Ligand SMILES: [Ca+2]
Ligand SMILES: [Ca+2]
Ligand SMILES: [Ca+2]
Ligand SMILES: [Ca+2]
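Numbering (the working numbering), first residue to last: 198 to 599.
Shown next as structure tokens:
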């Protein structure tokens, strides 16, 4: 009957499981740490900008926040911000523009274990943004207006390029263009520097390294002026390639509609079930170990804890079905690097011969769950065997994992 409508099914499951472990092994949030010397905080993270004709552009950020004021501030223990960005266009806007929607929430400190400034953020606060830029001598300016609602960690902003054509891609300016609007949970309110610095505010400084291209250097004043929260930025860009991804405008805007098909949910539910061995709706360290062990890895308890904590929204110490859904949705929106895809291929290519033998694919899926037979196995191979060789190579593998 159909080997094909259930080998395509069996493929996704294992593809998703391998991509999910790749994710739990990555550091994708905004890592915050105290900076006693500057009476402030440091941050590091990376941004993925999908390249227009396939590929991903990485942007490594190093951040520094210092209060403008003499007054006391909250110095956090290490935690992270978890961000969802949505970029759109206003259908009635003739000028070069960007509509930004962001949901930001603090996490990273488990349940197993406030400020004067917070007062100013209980309602909806109007925001004003102003940037002067210079990238490789190409100047530009951006003006922004919108609103913040820290109760939900929601931000909404509309930007106009006041100088005409923006010489860099809009996505590259998202992080530059108000972390005081994050939602800190009740258990973590004492770790919120941003709000604690208000109304006098902070200086935000960053260096952003676009891999294989130039960098930005930003300096920003984030403070209240009346009952408006204001962000005034200066950006300087050097060492860009004229033909490159940034100056050459080769980055995607914002593709994939923010919401998932009842079909994609089901696709991810199949994957989720590979880990949720006991069908309780949540993935424990024990469960993650089993999966990893059966993929050849051998992690410590500490590692397992860390992995979970990358995506553990509620701090319970486990990955619940919703948290899994968020994680997978995000992993689907942003492209993986060469190295990441290489790692994924190595799960399968046990001998390291550069070739996924039908033999090796059977081994994998055995150890994982499935009761696949040498007939279904064969059918999978055939589906993305571009060069008819009877084995899957790197290039082949890249297409099979989309
Ligand atoms: Ca479970
Ligand atoms: Ca959880
Ligand atoms: Ca092999
Ligand atoms: Ca082949």
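We put the beta carbon where it would ideally sit given N, CA and C, even for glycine.
Assignment of residue 347 by DSSP, reduced to helix, strand and coil, places it in the coil class.
For the region 452-539, the full-length alpha helix (DSSP H) segments reaching 4 residues or more read 459-472, 482-490, 498-506 and 518-530 along the chain. Note: residue 399 is bridge-paired with 264 and 419 in the DSSP secondary-structure output.
If only complete runs of 3 or more residues are kept, the region 331-384 shows the beta strand (DSSP E) at 335-346 and 351-358, in order along the chain. Distance from the CA of residue 425 to the CA of residue 324, rounded to the nearest whole angstrom, comes to 6 Å. Close CB contacts of residue 541 within its chain, under the 8 Å cut and outside five residues either way in sequence, are with 215, 216, 219, 533, 594 and 598 (chain order). Counting only residues of its own chain and dropping the five nearest sequence neighbours on each side, residue 574 has a CB closer than 7 Å to the CB of 555, 558 and 559. Sixteen is the threshold: when 16 or more other Cβ atoms of the shown chains lie within 10 Å of the Cβ of residue 415, as they do, the residue is buried. The beta-carbon distance between residue 330 and residue 336, rounded to whole angstroms, is 7 Å. This is short enough to meet the 8 Å contact definition.
Around the CB of residue 384, fewer than 16 other CB atoms lie within 10 Å, so the residue is classed as exposed. Between residue 356 and residue 295, the beta carbon gap of about 5 Å places them in contact (Cβ cut-off 8 Å).
Contact between residue 241 and residue 260 holds: CB atoms are separated by about 7 Å, below the 8 Å threshold. In this structure, the straight-line span from the alpha carbon of residue 279 to that of residue 300 is close to 8 Å.
With at least 16 other beta carbons inside 10 angstroms of its own, residue 393 counts as buried.
Beta-bridge pairing by DSSP links residue 553 to 589. When only Cα atoms are considered, residue 361 and residue 332 end up about 15 Å apart.
In terms of Cα proximity to residue 412, the closest of 420, 418, 403 and 419 is 403. Annotation for residue 227: no alpha helix (DSSP H) segment contains it, though the beta strand (DSSP E) segment containing it runs 227-232. Two segments are said to touch when three or more pairs of C-beta atoms, one from each, lie closer than 8 Å; by this definition the region 373-392 touches the region 272-288. With distances taken between CA atoms, residue 543 lies nearest to 494 out of 286, 494, 528 and 581. In the structure shown, residue 445 adopts coil according to DSSP, grouped into three states.
Ligand 1 has no heavy atom closer than 7 Å to the beta-carbon of residue 505.
Between residue 516 and residue 228, the alpha-carbon positions lie close to 20 Å from each other.
In chain order, 590 and 593 place their CB closer than 8 Å to the CB of residue 584, counting only its own chain and leaving out the 5 sequence neighbours on each side. For residue 474, the closest alpha carbon among the candidates 320, 236 and 566 is that of 566. Taking C-alpha positions only, residue 484 is separated from residue 503 by approximately 14 Å. Secondary structure of residue 309 (DSSP, three-state): coil.
A direct Cα-Cα distance of roughly 9 Å separates residue 547 from residue 561. Counting along the chain, no beta strand (DSSP E) covers residue 204; the unbroken alpha helix (DSSP H) around it starts and ends at 204-221.
Residue 234 sits exposed, since fewer than 16 C-beta atoms from the chains shown fall within 10 Å of its C-beta.
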